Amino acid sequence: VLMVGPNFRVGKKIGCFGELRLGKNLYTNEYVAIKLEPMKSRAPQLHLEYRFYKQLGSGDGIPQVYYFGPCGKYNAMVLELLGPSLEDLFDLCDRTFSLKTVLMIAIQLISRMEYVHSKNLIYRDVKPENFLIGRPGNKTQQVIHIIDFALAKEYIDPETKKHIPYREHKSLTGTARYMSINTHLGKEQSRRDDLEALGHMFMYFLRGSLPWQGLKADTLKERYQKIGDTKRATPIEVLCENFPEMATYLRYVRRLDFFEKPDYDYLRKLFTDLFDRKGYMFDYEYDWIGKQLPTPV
């Protein structure tokens, strides 16, 4: 039987750098998530992720981390078990979300991203698969959590205490569908890029797709370039037709300077004012409420 530490039992695979396992804290009768990485790995990422989680600390919508240590031939990280991702739930809702659902998601994720940034980190891996509700049934099912900090970076260098310098010729980080235009161009990512990728994701949810999806090329590099070219060639006014506030959001974040602190309040208020004008109540009645939600246990 595979164990981590004195008390965490490692169970079945629930997903796939490394595997994700269902685990159980035997001391407390609580299920947990256990991320495994082979000790033999070329390019380990698990210890770096654990360090980022520790830097984030205890925050709203940040998964709790319980243990890091060896587990047979693996390094193991034991964390809070969460429910389905936004991609999973998007599929469950026939691949569109209502405006009310997208705004409840957006308001929370602007805050989630402000929190990450307040801990001197940029995220660099925005995608619907990395935002998870809490376990169906529990007190945090309503909370949209952010996971997977393997691609994060300290944007304030603790050596200098200053913002990281601008540079280019960076290897492309994250998912092509959502990444910022400046990420496509090989520029160092900063706070602006996290918020721009969120914007793309919001429009994906609202539209059901993005116009640069399904572009193919003979190489990965050429494919990224084509997606980038289409992002640049698609006017914000067109992409965000019928969603004026989203156009305002996207234009704002696209125009941020590399070093600039986003005005998180301004962006939230774009969406909360809209939310109010539409007469929505922030009651966490997402589109998926009432549906059969997948569960890890």
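Residue numbers here begin at 1 and follow the sequence given. Rigid core (definition): largest C-alpha set, two forms, superposition within 1.5 Å.
Engineer: Name the stretch, 39-47 or 236-244, whose C-alpha atoms sit farther from the shown form on average in 5 other deposited structures of this protein, taking the rigid core as the superposition reference.
Structural biologist: Looking at 236-244 and 39-47 in 5 other deposited structures of this protein, the bigger mover is 39-47.
Engineer: Give, as the answer, the stretch of 182-190 and 215-223 that departs more from the shown form in 5 other deposited structures of this protein; the measure is RMS Cα distance after a core fit.
Structural biologist: Stretch with the larger root mean square C-alpha distance in 5 other deposited structures of this protein: 215-223.
Engineer: None, 1 to 3, 4 to 9, or 10 or more: how many residues of the deposited sequence lack coordinates between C16 and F17?
Structural biologist: Going from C16 to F17, the model skips 1 to 3 residues of the deposited sequence.
Engineer: Averaged over C-alpha atoms, is the B-factor higher for 186-194 or for 215-223 in this PDB entry?
Structural biologist: Going by the record's values, the stretch with the higher mean is 215-223.
Engineer: Pick between 200-208 and 130-138: the one whose mean CA B-factor in the entry is higher.
Structural biologist: Result of the comparison: 130-138.
Engineer: Could you tell me which one of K100, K73, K170, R124 shows the highest CA temperature factor in the PDB record?
Structural biologist: Among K100, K73, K170, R124, the highest C-alpha B-factor in the entry belongs to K170.
Engineer: Just grab whichever of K261, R268, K40, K231 has the top CA B-factor as deposited.
Structural biologist: Highest C-alpha B-factor among the listed residues goes to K40.
Engineer: Place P84 in the lowest, middle or highest third of its chain's C-alpha B-factors, as listed in the PDB entry.
Structural biologist: According to the entry, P84 has a C-alpha B-factor in the chain's middle third.
Engineer: If you rank every modelled residue in this chain by C-alpha B factor, which third holds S180: lowest, middle or highest?
Structural biologist: According to the entry, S180 has a C-alpha B-factor in the chain's lowest third.
Engineer: In terms of the CA temperature factor given in the entry, to which third of its chain does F282 belong: lowest, middle or highest?
Structural biologist: CA B-factor rank for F282: highest third.
Engineer: Lowest, middle or highest third: where is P63 by Cα B-factor in its chain?
Structural biologist: Within its chain, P63 is a middle-third residue by C-alpha B-factor, going by the deposited values.
Engineer: Ranked by Cα temperature factor within the chain, is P235 in the lowest third, the middle third or the highest third?
Structural biologist: Middle third.
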